[PDB]
Structures are given as C-alpha cells and as structure tokens.
Amino acid sequence: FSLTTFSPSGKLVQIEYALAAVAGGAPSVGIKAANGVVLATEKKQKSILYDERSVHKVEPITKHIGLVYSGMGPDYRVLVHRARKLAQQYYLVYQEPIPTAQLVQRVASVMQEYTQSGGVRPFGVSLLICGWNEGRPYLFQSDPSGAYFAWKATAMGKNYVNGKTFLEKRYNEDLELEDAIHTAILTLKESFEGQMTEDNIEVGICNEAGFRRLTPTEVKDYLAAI
Amino acid sequence: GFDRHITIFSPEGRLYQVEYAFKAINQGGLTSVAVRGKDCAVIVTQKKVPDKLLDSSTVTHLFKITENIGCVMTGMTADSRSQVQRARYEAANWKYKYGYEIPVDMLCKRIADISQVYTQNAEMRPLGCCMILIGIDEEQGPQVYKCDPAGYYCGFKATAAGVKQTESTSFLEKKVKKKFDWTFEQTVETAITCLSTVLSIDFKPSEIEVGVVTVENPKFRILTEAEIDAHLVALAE
Amino acid sequence: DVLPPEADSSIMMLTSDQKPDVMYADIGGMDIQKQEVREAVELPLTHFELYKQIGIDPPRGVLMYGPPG
Amino acid sequence: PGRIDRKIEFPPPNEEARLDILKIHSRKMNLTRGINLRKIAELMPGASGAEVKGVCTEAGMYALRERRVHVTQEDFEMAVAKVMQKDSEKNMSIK
Amino acid sequence: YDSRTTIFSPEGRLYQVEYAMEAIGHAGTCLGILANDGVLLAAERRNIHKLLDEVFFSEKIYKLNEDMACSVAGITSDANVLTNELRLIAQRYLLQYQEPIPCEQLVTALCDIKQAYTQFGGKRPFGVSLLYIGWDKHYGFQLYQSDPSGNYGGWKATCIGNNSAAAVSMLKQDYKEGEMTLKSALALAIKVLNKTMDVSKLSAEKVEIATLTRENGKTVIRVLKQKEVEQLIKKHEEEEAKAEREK
Amino acid sequence: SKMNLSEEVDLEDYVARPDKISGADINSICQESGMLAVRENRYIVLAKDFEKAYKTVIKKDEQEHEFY
Amino acid sequence: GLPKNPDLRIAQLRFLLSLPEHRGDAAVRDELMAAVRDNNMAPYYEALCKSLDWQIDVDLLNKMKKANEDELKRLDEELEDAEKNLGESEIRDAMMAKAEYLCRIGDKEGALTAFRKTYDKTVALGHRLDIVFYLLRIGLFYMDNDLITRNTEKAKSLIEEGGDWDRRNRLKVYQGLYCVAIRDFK
Amino acid sequence: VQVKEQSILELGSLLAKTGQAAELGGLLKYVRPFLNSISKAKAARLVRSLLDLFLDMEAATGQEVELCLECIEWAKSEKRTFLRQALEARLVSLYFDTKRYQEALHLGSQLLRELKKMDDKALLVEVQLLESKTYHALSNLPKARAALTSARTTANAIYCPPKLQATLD
Ligand SMILES: Nc1ncnc2c1ncn2[C@@H]1O[C@H](COP(=O)(O)OP(=O)(O)O)[C@@H](O)[C@H]1O
C-alpha cells in the first residue's frame, strides 16, 4: 500500500516494471580490479546547451565509497543523499573506524530503506558501490528491489546484456591491475554511440588510498591511446 | 490499470504522470529564454497581457528568490507561485542555517528534491511549472539552472522553456556553437533576438520582462521599460 | 484451351525478378536481424541438398510482424 | 464430467528424459563419433522437449555453416547456447 | 482508490496467503536434516554466474544467534528484514533473560510477526519461508520450518525449495532416525541435493551447507567451506561408483 | 548517400541534429525526408531543406531528461 | 581421402623416371627418396623396371611390411572370428582398416580384393560412397583405365544419385578420367 | 616515476624526426622492463607508436618484418594478447604495403578467428578492410565485395572514427 507492494501470485509486477525502467540507457559499467574498483558511466547530454561540470553521475558518498547509477536520476539523487546520511550516521555512532569497506557491505545492507520501504512508488535506479578500506576492494550492486549482489564486473545500461558479455569475454579476470579502467572504457565504447570525450565520459576510481572522481584531464588522457 | 492515472511505473517501464506534467508546462501559452554569458546571465520571457484592465505592474513571471538569485516560471501560475514561495523559503532557511548565501545550484538541487518527493508517493501530484533560476556565483561566474516537475535539475549557457522551447533551444544551440563569447550587450541581444525569432512580433518594449544578473553588479535587476527599450533600439540598428 | 500465364489473370504483381531495384547491402536498415532472412534465403540459395544429409529441416514460412519500420 | 475421468499431468523432462529426447531427435541426423549427449542435456537447466528440438536444429544449422556431416561437440555446445538468450536477463534473484 | 486484499474467499479461503505460500516453492532450495550430535542445513546456490566474488560468505544460510541459524527461501527483500528482525528478537530475549533464547520461542515470535503481517492492515504477507536449526538446554538439537502463513512446524528432515516434494520423498525413503549421525546426515543431504539438482556431479560452489554441532558446553555453527564440501562430494561419488558397479 | 551525397549536399547539413530526435520517423519517413530535397531553387541541398523535411509530418515527443 | 595421394605422387615419379629418359638423374633421386619411404616392396614390382631389381633395404623394409600386414591381419581375424558383428557394425571399418593396410602398404591386388569384398558385403550410403572413392583413387593410381571407367560408370549412374553434397567432393577426380584421356575439350 | 616513459617518448620523437633506425630499434629492445612495469594499455600503445614511427621512414624491408615478428613473440611471451593482435594487424598492413600474396591472407584469417571470439571492433574493421584491399590487389573482386560488406557491418559500431570512416569510403 504505502510500502513496496503489488505482488501477485508468484510475481512482483511493480518491481518488474521498475526493473524495466532501470534498463535506462546509461551503461555505467563497474569493474572490481585487484588494486581497486572502477565505476565508469556515460554522460551523453542532449545538445551542447547542457553542462557536464554542473551535474555528475558519480558521487562520493564518503571518503572511499563511490557511487554510480542508472535510469531515474532524480530518484538517484535522493538515494545518494540518503546513503550519505546513513554512512555519516554509522561513522558517528561507531566513531572513527574510517569506515569504507567494512562499511561498504554495511551501507549496502542499510540500502533497505532504499527499496524494502519503497515509498508507494519504488525507486527506479540501480546503483553500483565501490569501497576499499579493508585491504581489499568491494563492488556491490543494489537494484530497485533486491539487495547487495557483490559483483566483480557488470553494467546496468540499455545494452547491459552485451556489456556484461563483453566484460566476461574480455576476461574481467583477477590479476588485473588498477588500470582495468581501460577495459571499463572499452566496455562503455560498446554501449556508446559517439566519439566519447572527457566530458562525455565520467569515471570514478576507488583504490586502497581512497576514492576519487577522475577529472576530465585524466579521463581524456585515458581515452587517448584507445 | 491506472498506470497513466497515478504516479506508478508503467508496464512498459516508464512514468507517464511526469511525462504529462511536463506537457502541462507547455500548456498556458508562454515561453522563456535563459542565456548565460561571459560575465552575466540574462533571462527573458514574454508578458502575455490580455486586456489592459489587468495590472501590468503585477503580472510578472520573474521573481527575486534572494538578493542575488532570480527565477522565471513557466507553466500554471498557481504552481509557479507555490514553487517560488518554496524557493524563497529555502533560500531564507539556508541563509539562517548556514551563514553564506545559498548557491544557485544548491537552491535548484533543493527545489528538484522537493519535486522528486512530489513525483514519489501517490497522495500528492507534481507541480506543473518549470523554473529557470539564474545568479552570479563566485569562482563560477554567472550560473543558470532549470528545475523541472520531475526533479532533474540541470541546464546551462543557453536554455529555454515553454511552448516553443525547442525552436529557441535550436537557435541558441546555433549561437553557442558559433564560438564567440557574449558581453553584457551581446548576451541580452542574443536572448532578445532568440525570443523574437521564436515569436515574431518585433517585440514592442512592453510585452517582455527581462531579468539580468551581472558580476560587477550583483542582484536580480528586473530591467525597466526604458532599459528594454534601449536594448531593443540598439539591437534593431 | 488452357491459358499458360497465371500471374496476370488477376494482376496482383508479377515477375519482379531479373531487375535490381534495391540489391542487398545497399539497404539502410543494416540487419535488424537479417540473419533469419539469410536463413530464409538459404533454401533459394540452393542448400536444399545440404538440408538433407546434415539432417536439418529448413524453415518453410517466415512471418514478419513489424511496422513499416 | 468429461474431465473427471483423468487429470494426468506432464512433468517437465528430467536430465535423463532430455537424454532420451536427444537420442530420439539425433538418431535421424548425422554427427561425430564421440559425444557426451548425457552431459549435453544435463547442461541445459530444466527446459523441455521443444527446447531439445531447438538444440537439435541449432546444432544442424551450426554444422550447416561449416558444411560437414559430422556435427562436432563444439557445435553441439553452441546449440546448447540456444537454451541461453532466455536466462533471467537482469539478476533479479529476488526469489 | 486501490485497496489491498487481506480478505477471505466465498468458500472461506485466504487465497492471497495460499498463493504466496505456493510461490515460496518457486525459486530457492533449502533443506534441513536433524541428527544426533549435529544438525545441518543444505542450500542450493541458484545463481552461479562467474562474475560474482562470494564475499558475503553466505547467501541462504544466515547466522541469527549464538545457538541457531536459519535459511530463507522467499523474496530476498523480505528475507533481509525478516533475518534482521529475528536477530533482534533473539538478542532482545538474551538481554531480558541473560540466557540464549529457546529455538521454539524464537520461531513462535517470528511466526507471530508473520501472522500479524497477514492478519491486519493493508500490508502484504511476508513472501518468505525459512528453516531454523538450533540447540537449547531443554530439547537439544531442534529443526523448525515456518511458511509465510505463520504456521511453523517442528521438523526433523524437510526441504523447502522448488523440488521440495522430490527432496522430502528422497528424505523419507533414505532417512533413519536414531542411527543417524552427523557424517551420515551429511551423506544423506548431499545425496538428496544431487537428486533434486538435475545436473549430476554437483560442484561444491553450487551447494552451500552449514552444520551446527555441540562442542564442550558450547554451540559451534560451522559453514562447510569449499574443500570440505568437495571432499564430501568425492566420498559420495566413491559410494555411488561402488554401489553401481557391485550389481 | 543513395542520392549521391543528397545530390551534392552542402557540408553544413549534417544529420547529427535532425536524426537524434527520438521521434520514431520510420525508414519510410527517412526516405521521404531524403527526397524532400526536391527544392530545386538551387542545385545543392542545405540544412534548411532537412529541417523542413523533419518539420512536415512529425509528432512532438521529447523529455528524456526526467528519465536521465 | 588423404591416402593414395602420396601414392599418386610416387606413381607420377615412376612415370617421370620411366617414360622420359632425359630425367634420369633427378628422377632417380626423387623416386628413391619416396620409395625408401612409403614401404615400397609390394609396389616395387613396377619400380624394378627403371632402377635396380630392389634397392638395398630388403631385410628391414620387408620385415616392416610383413610385421605391419600381419598385425592388421591379426586384428581383422579377431574382429571376424571372436565377435559376430555383422552389417551395421564395426566390422565394416575393421575391413576398411584391412583395405587401407593392403593398399598403403601392400600391393593393389589385396586392396582391390578387400574393397570388392566389403562393397558386396555392406551397401550403406556412406560405406558405398567411401569405397567408390577409394576404388577411383586406386584406379587412377595404378592407371587401370578399365577400373577408372568402371568406378566412374557406377558412381555417375547410381552411387552419386543416392546422397548429395559429396558429388561436389568427387567430381574433381571423377572428371580425371576425361583429364587423363583425350577428352579435355568440352 | 613516469617521467622516464616521457623521456622514452621524447627520445623516440627525436629519432623519428632525424630518421634514425638502429638507435630506435635498440631503444625498443631496451625499454622492455619499463613496458612490463606500467599499465598494460599505456605500454601497449607506446609500443605501437614506437613501432609505427620506426616503420615509417627507413625502409629496411629485410629487417622490419623480422623485428616486428620478434615483438609479437615477445608480446605473446608477456601474454599481452591485445598488443600482439595489434601488431599482427600492423604486419597485415605492412604485408599489403609490400604486396604479399597469401601469407597476409592467412594472417588476416588467423586474426579474424582470434578476434571474432572477442568483441573488439576497431581491429576487426581494420582487418576486414585490409582483407578487402588485398583481394582487390589480387583482383579478387567478389570476395573483396563480401569482405567489404562485412567491414561495413562491423564498422557501424564506431560512430566518429574520422580516419577510419574515410578509409571505408
Ligand atoms: N535503404 C532503405 N532502408 C529501409 N527502408 C527503405 C530504404 N529505402 C527505401 N525504404 C522505404 O521502405 C518503404 C517500404 O514501406 P512499405 O512496404 O509500405 O512497408 P510495409 O512492408 O510494412 O507495408 C518504402 O516506402 C521506402 O520508402
């Protein structure tokens, strides 16, 4: 009624429609490498009137937790604001654990106000989370109704099927260094229609040193020699 | 059914209620143009005044939200005034909670969050009014943003809203693609000629109301009849 | 007598063969799928002999339930 | 009446049933000497005899493009990939 | 306005609850077998896509208390909140009485919350059924199965998954009380899982099993890791080969 | 390209603006728009001809920014 | 179908050593280099005309031939005595291994006998096509134009009628009869 | 720490400007530890750029193919599959430049077999275009047309490859 609802016999029809909506069209690939995690997404603004340094697709929820998302950006804003508040509350309660990767699982679990209390209309965004404050990286996905999936490499766009196929065929693998971001950009290239540029592609990286949204300078540097 | 009647996800995977609410902005018969410049940001909308028994003094669609941020509303006037009041409340509350004045991007973000809460749930409905707010921001130059009945807050340099918003956006895209910065004469003239080419009445200097925020002069100047007439004379020269 | 021709009895088009109007790769639609269509042309492209021996049963009908796209 | 006589139900074919259907459908066709059709059918999760027919015709078409009378295990596994393209698409996994 | 369905039938049936309970059979597969000096759970890993990392260390089996552990078979959205509430109930009892909560009391509390969810208000029934294995001072090793109807049952060998009928039939055929031990219970669990999972020679990755044992005045809930699981698989394979060839 | 560069179309005509419409415009409409270069006032086609071709026979569908 | 092709090569080498006497130095070299290999003693009753009666490998090479032929003969005896496999069974390929041994190692006479034996035994489509191909290849080997005509006649009459996409695998050598003969015109 | 690779790029640029061959070959044979110390993609593209600059001017036709084959073998030893595939494509181009008859063809076929199992697109378009070029050089018109049509089907992926689109046209 006023929660996550509309579940007929053996189905979650409203949730399935929400998942049809999160099919979206922003690929937003994620790769869990040995050194860290890369969350890269496509910012294909309509015309040149819009700006790319104004709004962002990758949001640092805390010191080393980075976030990328899928369709329904307005819902994603509220979700990332809630996630920031939740991570901050956890850090305040359990004071000074520098909680990122011992919190990445915890923040993913506390993404139950995300969907288990849907709010009449469930959220229409699936989001990938990266954290590296455990000596090991973490890539998790939370969908409009499910929970943490703990991916190693995935995509959540219009061509997420062939994007994931590209990820597995290109062997996301386990020995890959931090610079698997080249493979992430290649995976975006498959689900991209255009000469992708620094403002067109937004990527954040989360390594053991912390999380950082790569500026257009480094994004263009990586896009060069591709 | 009721997929297209309430704010619920469609079986095809869409949200039809906000899709209708956006066309609500086109309803009402008005257009507005926003042009960011090298140093200033100017916005202009037509002033459709049917019959002179109205007070042209108070029929405006542009307002001061704070001492440096000015908005223009597009759509149903009641929802427009409600969102203007909400924006003014947010600006004042931000100035009270935090000492420095509210950045225009943050104000647009808060308004978009309110609108996103509106498109969430089912008891209320989204407000059919798209707001374009501009203001000078330090270390940022002029800044223009658009909050929509959905909650997607963005828009920059040249952005328009209203019935014939697509044609204005196309012309402004042509102008911005022409790589030359607009001073505090070219920005205003560009906006005026954009809106005039959209709706050719040659714009007698009484049917539009332009708001300007420069860098050396802050504040949302609602330019008077004399100023708009002078700009029109200079442009048509 | 028996009239040999059959097509022009009720018109309804005729032998559009021996005439290049739109060849093949010149189409703008690329594929859509066009692989099931090349599968459909396998039977015209001989391969009825290859339908046997291998043991496959080639398709006989092809319905395209698409708009004018 | 007209249905109270029996209500016999169809169980979806098990892995060994999918074997037997693979054998029935592949007796007519020609293929390589060695094939582990038992593991081939077991690789297919659940499915039905219609899917076994789909795998058999996919193996025939895959062998057609190579133009050989001996359908290889690699072509058979490519035919097993016809059980794919359905999967669950997105990892709903809500259960 | 739309109103939910928490009502009866013209016959007098709660067909919404019945449909949810039947849907629990769809998707997920867990089974619990009770033996002396050890009770164990077997879970079927549904999605084994190679692109996961298995860092949660458990998906079906959940440790809910020092002396018990559960395994859900319903929608994971409700499963997470139900496990959180179950842990909260157990720890609240521990705070109040300074004593581990008896398994039956914990299961009754959980089934009471599910009965409330299906009883009053316009709220969906919790579409999840889960097993519980645990040990207490009064009854020793206990196994319980609770359905979304809130009507739990005290079982000793049961399954809750898709082919739960086939699994429970296999259990009934090859279950022997009293003589049952931990190792023979593991053998039976792996055998019935191999039966209910069509692909023979089940990989240790597609099967997750956890055993609860009673050490010296202390309950140890060990989830059997990959090497131990596949060694159990190898022993089962040896037994199958010997039995098949000896005919 | 069928009509060789739209019968010698000018450089400043590129379809990047009038193709990214998200307004259906089936291939039949695309062919019609291509042949709506029949404005023989000049021997070359400009972007105005494409704009008029897109303007005629079209339905207004927009607003992807809410979804993205 | 690879067998009898290197045999074709040695047959052509014997031709080049025999008919043109201009090639009497390099032809000897290539004939020797391909006759000391390929186990050429039974297919050396033809080679004795040009070179010596027998090259100096007699003991080792004849032992290799007799040992290999005896091993295959033992294998054939086991299949045809200990096991009663008949018709559509592995005795068909066992006799193919017999014919392959009698052809690639032994003289054409035993190979032809084994072929005609299993042709009259089994009449399956694949078996009949394979043996017709082998008979054509051995005929074009030993230049038996009568055998080439015989296999070409039966293949073009009835054998190629049953079974398709294999005539495309056979016309390249089925027309070799016209190639070797004068009919190279139409 | 990356200033050394900047110096390597700077040295290679001056060697290309002057027209040196032996010095550039020695530098390429020497920088291998630095190649196996950094990002695989960055090192791979540095190798490709240095190799192309070396093959540009000084036409040591008896050494260019052998040197690049040695580089491919080195890349195979380093298990840089995409690097060695790129150099295989480069030698297919060099083979077409040197009018190679069929060794270019089977190398292209080997590349296509290795690449179609993957989902690279730029390499596939270049390989198909080179295969069309060598069919045309050998006057294999129908196979060239078939390869070119496959090149178009593959080349639809890249939206603005301004050099590549001109090559296809
Ligand atoms: N290269 C091309 N790709 C796709 N469509 C084309 C191409 N060239 C022309 N067309 C259009 O395809 C249309 C076919 O339409 P029509 O046959 O009426 O649709 P339907 O077959 O659904 O009835 C023609 O009107 C023509 O304009």
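Residue numbers (the UniProt record's numbering), protein chains in the order written: chain A, 8 to 233; chain B, 8 to 244; chain C, 141 to 209; chain D, 308 to 402; chain E, 5 to 251; chain F, 350 to 417; chain G, 10 to 195; chain H, 43 to 211. All residues carry an ideal CB built from backbone N, CA and C; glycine is no exception.
Asked	Found
Unbroken alpha helix (DSSP H) run spanning residue 252/A, endpoints	Nothing about residue 252/A can be read from this structure; chain A reaches only from 8 to 233.
Three-way DSSP call (helix, strand, coil) for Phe13/A in this model	coil
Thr194/B - DSSP class collapsed to helix/strand/coil	helix
CB-CB length for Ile194/C against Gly367/D, believed under 8 Å	6 Å
Anticipated Cβ contact below 8 Å, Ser122/B with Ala157/B, distance rounded	6 Å
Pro34/A beta carbon less than 8 Å from that of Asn166/A	yes
Check whether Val100/A and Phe147/A have beta carbons under 8 Å apart	no
Any C-beta of chain A under 8 Å from that of residue 230/H	This structure does not reach residue 230/H, given that chain H is present from 43 up to 211, and the question cannot be answered.
For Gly77/B and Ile32/B, believed in contact at Cβ under 8 Å, the rounded distance	Not a contact, Cβ separation roughly 19 Å.
Through-space distance from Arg122/H to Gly54/H, alpha-carbon basis	22 Å
Under 8 Å by beta carbon: chain C residues contacting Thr195/H	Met170 and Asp171
Contact with chain A by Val76/E, beta-carbon distance below 8 Å	no
Integer-rounded CB distance, given that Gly68/H should sit under 8 Å from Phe96/H	Incorrect: roughly 11 Å between the Cβ atoms, too far for contact.
Interface flag, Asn398/D vs chain A, CB-CB below 8 Å	yes
CB contact below 8 Å: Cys202/H versus chain A	yes
Local conformation of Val172/E per DSSP, three classes	helix
Proximity to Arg137/G [Cα-Cα], best of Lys163/G, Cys58/G and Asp155/G	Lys163/G
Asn140/A classed as buried or exposed, judged by whether at least 16 other C-beta atoms fall within 10 angstroms	buried
Distance, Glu74/B Cα to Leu90/E Cα	55 Å
Separation of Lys18/A from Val132/A, as counted between CA atoms	20 Å
Meets three-Cβ-pair contact criterion under 8 Å: the stretch 182-200 of chain C and the stretch 168-185 of chain G	yes
Any chain D beta carbon closer than 8 Å to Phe8/A	no
Reduced DSSP category for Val364/F - H, G, I as helix; E, B as strand; rest coil	coil
Distance cut-off 7 Å: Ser382/F Cβ against heavy atoms of ligand 1	no
For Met72/E: DSSP bridge partner residues	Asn69/E and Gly138/E
Proximity below 8 Å, CB of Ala28/B to CB of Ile139/B	no
Min CB distance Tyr392/F to chain J below 8 Å	The structure shown contains no chain J; the protein chains it does contain are A, B, C, D, E, F, G and H.
Test: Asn376/F CB closer than 8 Å to a CB of chain C	yes
Contact with chain A by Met160/H, beta-carbon distance below 8 Å	yes
The stretch 9-20 of chain E touching the stretch 182-200 of chain A, judged by at least three CB pairs closer than 8 Å	no
Within chain C, the residues that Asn337/D reaches when beta carbons sit closer than 8 Å	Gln193, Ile194 and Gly195
Backbone secondary structure at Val56/B - three-state DSSP	coil
Residues within the stretch 324-349 of chain D neighbouring chain E, beta-carbon criterion of under 7 Å	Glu349
Any chain C beta carbon closer than 8 Å to residue 41/H	Any question about residue 41/H goes unanswered here, given that chain H covers just 43 to 211.
Chain B residues whose Cβ lies nearer than 9 Å to that of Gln21/A	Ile15 and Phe16
Backbone CA spacing between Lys104/B and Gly126/E [nearest angstrom]	40 Å
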